Amino acid sequence: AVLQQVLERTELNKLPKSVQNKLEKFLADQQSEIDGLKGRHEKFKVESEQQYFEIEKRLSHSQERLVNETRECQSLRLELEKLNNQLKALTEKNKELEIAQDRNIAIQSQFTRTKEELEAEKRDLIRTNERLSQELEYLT
Amino acid sequence: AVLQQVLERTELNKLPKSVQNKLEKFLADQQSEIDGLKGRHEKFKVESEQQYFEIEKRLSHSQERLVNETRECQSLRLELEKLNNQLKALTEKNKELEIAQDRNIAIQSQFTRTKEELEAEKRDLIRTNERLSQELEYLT
Amino acid sequence: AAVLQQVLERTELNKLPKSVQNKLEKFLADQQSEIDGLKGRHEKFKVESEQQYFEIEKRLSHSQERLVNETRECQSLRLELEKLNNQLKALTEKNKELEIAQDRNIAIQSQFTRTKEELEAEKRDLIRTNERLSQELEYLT
Amino acid sequence: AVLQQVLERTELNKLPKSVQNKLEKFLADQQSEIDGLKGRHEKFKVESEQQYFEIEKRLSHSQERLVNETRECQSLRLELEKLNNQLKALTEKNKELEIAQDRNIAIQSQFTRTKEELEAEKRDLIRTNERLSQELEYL
């Protein structure tokens, strides 16, 4: 009872029932509103802080992902620098090997022609030996 | 007056002035406390509303930033994969050339033997050639 | 037979059938001409091949120079590009913080508008009440 | 050997043994010198061609690398001026935002003064209100 919270029981009692009850309800309505506002405020406070925390959680989380991704990019740039050096070294090495192969092809061609030269001379000597032998086979 | 809103003008007159003042004061205080809470809640509401809008905006900025940084890593990751394929291609091409060099050395050594064999045969033919010729000269 | 005379005596030469003399003379003269021809061709080739080698090595060196230069500028440009890009990122973040501030300012100016209007209302209520008190006091006095 | 190629088998017979020997030796010696030169020349020729071909390949390789490197580099100079211009653009944009912020902070300082004035005026009304209350109830 709110009016009991306002007036002394003696002075309260000397009031008409119409007066007492009207006072009681209006005063209780004001008191009800006060508790209504405090409750609504504390309700909002907790819920607003809660929702804020959740979004604060996400931001701090993504920022961690951002710093991670940033490091990865730097790491990739390091690998790119390494691979680029490895391609250049391999490209030069392979071009030297292609030239070495070209020299070998030339050498094997040179030997092939040389072989045919000797094969011709061998045939000529056997032929020349044959004629000299053919003449001497006749005499005995 | 606030009490004039609660009670009728006739029955209000019937109250001791001391009682009216006690009631009037209590009502005004309650009314002040009500309005005081409303100001507190509305101030807190507006400020929390801005702070929430702000952190949402920060998360959006972070999210936008994270996606872009990923786009920058992805282009690096793509070029890296391209380089790796080229590296493997040169590596296999390299091995083919190293093998080709090892093959040629074996071949050129075999060629040298053939050259030596042919020249040996030629030397013997020339000896037989001179041998047959010398006796021919002696005869005629 | 000018060349054949250097091989044979004039007596042995004269007793040869003329067809034989002429065949031998031509073959022998061709041999002499070929020998001088090969020596001349070889030394000529040597000079010309060295020149051709000199010229192509010069072109190679020019191409090598051009590549090394382009490679250096390209690498140098790649670095500056990364630097400017990083400077853009930092400048963008700095600008986004101010953009957030811009919204904060909009909200604050909104809040002051309400506060001023609220205060004006309370002032109106007080002025209203003072008028009520003054008139009641004016009537009683 | 060499004389057999120069003369026909028939006309060769009319030649004395001494003459054949003088001729065959002379012919063989010169032909020997000739063939030796052809061998010397061909070896030098082949070797020089291979060495030249090598430099052709090095130049060809160098040229291809240059053309490819140039094609990737060409875009960069344009991008730098574009990025540099964008940097200058944001810098001006930055200053405008900084200016707008400094302006607003100053404005918000005026807001605070106005509110205090309003709060002051309100208090004086409450003060006059209390005076009217004191005079009304007592008198």
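Our structure is the block above this text.
Residues numbered from 1 in each chain as written, not as in the entry; some residues may be left out. Chains lettered and ligands numbered in written order. Heavy atoms only, no water.

## Regarding the pattern of salt bridges
No. 1: Scanning the entire structure with this criterion turns up 54 salt bridges over all chains.
No. 2: A salt bridge links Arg58 of chain D to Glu54 of chain D, with the shortest nitrogen-to-oxygen separation between them at 3.2 Å. Placement of both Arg58 of chain D and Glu54 of chain D in helix α3 (residues 17–138) is noted, with a separation of 4 residues, approximately one turn of the helix.
No. 3: You can call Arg58 of chain D partly exposed: its relative accessible area is 22%.
No. 4: Three or more residues are tied together by salt bridges with common partners; here these are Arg77 of chain A, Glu69 and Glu72 of chain B together with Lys89 of chain C. (Salt bridge = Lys/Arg side-chain N within 4 Å of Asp/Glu carboxyl O. Helix = DSSP H or I, 4+ residues; strand = E, 2+ residues; numbered from the N terminus. Buried < 20%, exposed > 50% of the residue type's maximum accessible area, 1.4 Å probe, protein only.)

## Notes on the interface of chain D and chain C
No. 1: Listed as interface residues are 69 residues of chain D and, on the opposing side, 73 residues of chain C.
No. 2: The contact between chain D and chain C buries some 7,000 Å² in all, and 73% of this surface belongs to carbon and sulfur atoms.
No. 3: Linking chain D to chain C there are 7 salt bridges.
No. 4: The salt bridge partner of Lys22 of chain D is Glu12 of chain C, with a shortest N-O separation of 2.9 Å.
No. 5: Along the contact surface separating chain D from chain C lie 18 residue pairs in polar contact.
No. 6: Looking at the side of chain D that touches chain C, the elements with two or more residues in it are α1 (2–6) and α3 of chain D.
No. 7: Residue contributions to the side of chain D that touches chain C peak at 62 residues, all from α3 of chain D. (Contact = heavy atoms within 4.5 Å. Buried area = accessible area lost by both parts, 1.4 Å probe. Polar contact = N/O pair within 3.5 Å; in protein donor to acceptor, adjacent residues only side chain to side chain.)

## Side note on the packing of aromatic side chains
No. 1: Tallying each qualifying case throughout the model produces 4 aromatic pairs over all chains.
No. 2: Considering the side-chain rings of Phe45 of chain C and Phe44 of chain D, the 6.0 Å spacing of their centres and the 80° angle between planes classify their relative orientation as edge-to-face. With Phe45 of chain C in helix α3 (residues 18–140) and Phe44 of chain D in helix α3, this pair bridges two chains.
No. 3: In this structure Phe44 of chain D comes out as partly exposed when scored by relative accessible area, which is 25%.
No. 4: Geometrically, the ring pair formed by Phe112 of chain C and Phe111 of chain D is stacked, given 4.1 Å between the ring centres and 5° between the ring planes. (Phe/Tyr/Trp six-rings, centres within 6.5 Å; stacked < 30°, edge-to-face > 60°.)

## Examining a nonpolar patch on the surface
No. 1: There is a patch of nonpolar side chains on the surface, built from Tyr138 and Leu139 of chain A together with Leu139 of chain B and spanning about 400 Å² of accessible area.
No. 2: By secondary structure assignment, the location of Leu139 of chain B is in helix α3 (residues 17–139). (Patch = residues over 30% accessible without salt bridge, like charges linked within 9 Å, V, L, I, M, F, W, Y side chains within 5 Å. Areas by Shrake-Rupley, 256 points an atom, 1.4 Å probe, with all protein chains shown as cover.)

## Some thoughts on empty space enclosed by the protein
No. 1: Evaluated as defined, the whole model comprises 1 cavity of 30 Å³ or more.
No. 2: Computed from the structure, the largest cavity encloses a volume of approximately 30 Å³.
No. 3: Together, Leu98, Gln102 and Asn105 of chain C together with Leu97, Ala100, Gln101 and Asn104 of chain D line the largest cavity.
No. 4: Listed by contribution, the elements that provide at least two residues to the lining of the largest cavity are α3 of chain C together with α3 of chain D.
No. 5: Looking at the lining of the largest cavity, the element that brings in the most residues is α3 of chain D, giving 4 residues.
No. 6: Residue composition of the lining of the largest cavity, grouped by class: 3 nonpolar, 4 polar and no charged. (1 Å grid on protein atoms, 1.4 Å probe; cavity = no way out; pocket = protein on both sides within 12 Å on 5 of 7 lines; lining within 4 Å. Points joined across faces, edges and corners; volume = space filled by probe spheres on them. Nonpolar A, V, L, I, M, F, W, Y, C, P; charged D, E, K, R; others polar.)

## Observations regarding the packing of α3 of chain B against α3 of chain C
Helix packing geometry: the angle between the two helix axes and the distance between the axes.
No. 1: Contact geometry of α3 of chain B with α3 of chain C gives a least axis separation of 11 Å together with a crossing angle of 165°. For the element pair α3 of chain B / α3 of chain C, the angle class is roughly antiparallel. For the pair α3 of chain B and α3 of chain C, the crossing hand works out as right-handed.
No. 2: Along the lines of polarity and charge, the residues of the contact of α3 of chain B with α3 of chain C split into 4 nonpolar, 4 polar and 16 charged. (Axes fitted to C-alpha atoms, helices over the stretch in contact; angles between N-to-C directions. Parallel < 35°, antiparallel > 145°, perpendicular 65-115°, else oblique. Left-handed = near helix turned anticlockwise from the far one by under 90°.)

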